[PDB]
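Student: Here it is: the structure, laid out below.
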There are 2 protein chains.
Amino acid sequence: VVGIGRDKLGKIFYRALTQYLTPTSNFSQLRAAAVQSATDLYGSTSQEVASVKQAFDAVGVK
Amino acid sequence: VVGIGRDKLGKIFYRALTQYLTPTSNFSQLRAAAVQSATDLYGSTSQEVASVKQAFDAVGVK
């Protein structure tokens with residue numbers, strides 16, 4: 001699973017938008033925002049961060 | 001009114017990244033990707049689409 005267990009990504013991504021993201025966002029801004037979000041929500045010793053990272057990998061290159 | 005609960009938001013963003021997004025992505029590209037994910041998942045005139053849009057809309061104003 002390329003993002004933990006789909007629905008569980010919710011917390012990370014929502015936070016990544018409303019706290020870490022900008023109106024003038026690119027792909028990389030999202031990446032950092034999402035990793036930071038995961039790190040804060042579930043700790044960084046977690047596969048939850050690794051899963052956030054994994055999402056970015058398979059973007060168009062499925 | 002993010003009427004789905006942050007946990008549902010995860011389903012969307014996995015699909016948004018891996019199936020709908022580009023390597024050379026931007027905020028506007030992501031808007032569509034997430035909205036479209038939510039459409040596929042929960043119908044078009046859906047609270048899921050409403051909650052997704054709202055996230056992007058808040059970010060875009062500050």
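Labeling convention for the structure tokens: chains A, B, ... as they appear, residues from 1 per chain, ligands from 1 in order of appearance.
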What's the 10 Å shell around residue 54 (chain B), counting only C-alpha atoms, without same-chain residues fewer than 5 positions away, as a PyMOL selection string?

Tutor: chain B and resi 1-2+48-49+59-60

Student: Taking only C-alpha atoms into account, what are the residues of chain A at most 6 Å from chain B, put as a VMD selection string?

Tutor: chain A and resid 6 to 11 18 22 to 23 25 to 27 58 to 60

Student: Store the residues picked out above in a file with N, CA and C atoms, as a PDB file, in the first residue's frame.

Tutor:
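Output below, filename selection.pdb:
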ATOM      1  N   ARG A   6      -4.927   4.057   2.918  1.00  0.00           N
ATOM      2  CA  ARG A   6      -5.627   5.183   2.246  1.00  0.00           C
ATOM      3  C   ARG A   6      -6.216   6.297   3.123  1.00  0.00           C
ATOM      4  N   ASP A   7      -7.376   6.032   3.714  1.00  0.00           N
ATOM      5  CA  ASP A   7      -8.117   6.962   4.595  1.00  0.00           C
ATOM      6  C   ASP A   7      -7.274   7.570   5.739  1.00  0.00           C
ATOM      7  N   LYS A   8      -6.371   6.759   6.294  1.00  0.00           N
ATOM      8  CA  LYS A   8      -5.408   7.191   7.324  1.00  0.00           C
ATOM      9  C   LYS A   8      -4.449   8.326   6.920  1.00  0.00           C
ATOM     10  N   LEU A   9      -4.180   8.453   5.609  1.00  0.00           N
ATOM     11  CA  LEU A   9      -3.412   9.583   5.053  1.00  0.00           C
ATOM     12  C   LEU A   9      -4.045  10.966   5.307  1.00  0.00           C
ATOM     13  N   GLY A  10      -5.357  10.919   5.490  1.00  0.00           N
ATOM     14  CA  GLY A  10      -6.271  12.054   5.734  1.00  0.00           C
ATOM     15  C   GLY A  10      -5.691  13.164   6.606  1.00  0.00           C
ATOM     16  N   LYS A  11      -5.328  12.773   7.818  1.00  0.00           N
ATOM     17  CA  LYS A  11      -4.773  13.687   8.833  1.00  0.00           C
ATOM     18  C   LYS A  11      -3.560  14.462   8.302  1.00  0.00           C
ATOM     19  N   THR A  18      -3.557  23.070   5.017  1.00  0.00           N
ATOM     20  CA  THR A  18      -4.014  24.246   5.798  1.00  0.00           C
ATOM     21  C   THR A  18      -3.005  24.914   6.741  1.00  0.00           C
ATOM     22  N   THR A  22       0.981  26.624   0.484  1.00  0.00           N
ATOM     23  CA  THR A  22       0.739  27.982  -0.084  1.00  0.00           C
ATOM     24  C   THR A  22      -0.180  28.008  -1.292  1.00  0.00           C
ATOM     25  N   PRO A  23      -0.837  29.150  -1.487  1.00  0.00           N
ATOM     26  CA  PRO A  23      -1.561  29.437  -2.738  1.00  0.00           C
ATOM     27  C   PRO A  23      -0.680  29.203  -3.980  1.00  0.00           C
ATOM     28  N   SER A  25       1.684  27.099  -4.681  1.00  0.00           N
ATOM     29  CA  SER A  25       2.315  25.782  -4.495  1.00  0.00           C
ATOM     30  C   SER A  25       2.674  25.023  -5.760  1.00  0.00           C
ATOM     31  N   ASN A  26       3.798  24.348  -5.615  1.00  0.00           N
ATOM     32  CA  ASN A  26       4.286  23.310  -6.537  1.00  0.00           C
ATOM     33  C   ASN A  26       4.293  21.926  -5.863  1.00  0.00           C
ATOM     34  N   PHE A  27       4.720  20.950  -6.651  1.00  0.00           N
ATOM     35  CA  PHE A  27       4.797  19.544  -6.225  1.00  0.00           C
ATOM     36  C   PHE A  27       5.705  19.370  -4.988  1.00  0.00           C
ATOM     37  N   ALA A  58       5.119   7.449  -6.831  1.00  0.00           N
ATOM     38  CA  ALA A  58       4.295   6.819  -7.884  1.00  0.00           C
ATOM     39  C   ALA A  58       3.321   7.767  -8.601  1.00  0.00           C
ATOM     40  N   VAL A  59       3.767   9.010  -8.708  1.00  0.00           N
ATOM     41  CA  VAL A  59       2.993  10.110  -9.311  1.00  0.00           C
ATOM     42  C   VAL A  59       3.191  10.117 -10.830  1.00  0.00           C
ATOM     43  N   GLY A  60       2.229   9.456 -11.476  1.00  0.00           N
ATOM     44  CA  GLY A  60       2.189   9.323 -12.945  1.00  0.00           C
ATOM     45  C   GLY A  60       2.952   8.061 -13.389  1.00  0.00           C
TER      46      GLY A  60
END

Student: First superpose chain B onto chain A using a least-squares fit over all Cα atoms taken in order; then report the RMSD in Å.

Tutor: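 Result: 1.7 Å C-alpha RMSD.
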
Student: Residues of chain B in helix (DSSP H, G or I) according to DSSP, as a PyMOL selection string?

Tutor: chain B and resi 9-20+27-42+47-59
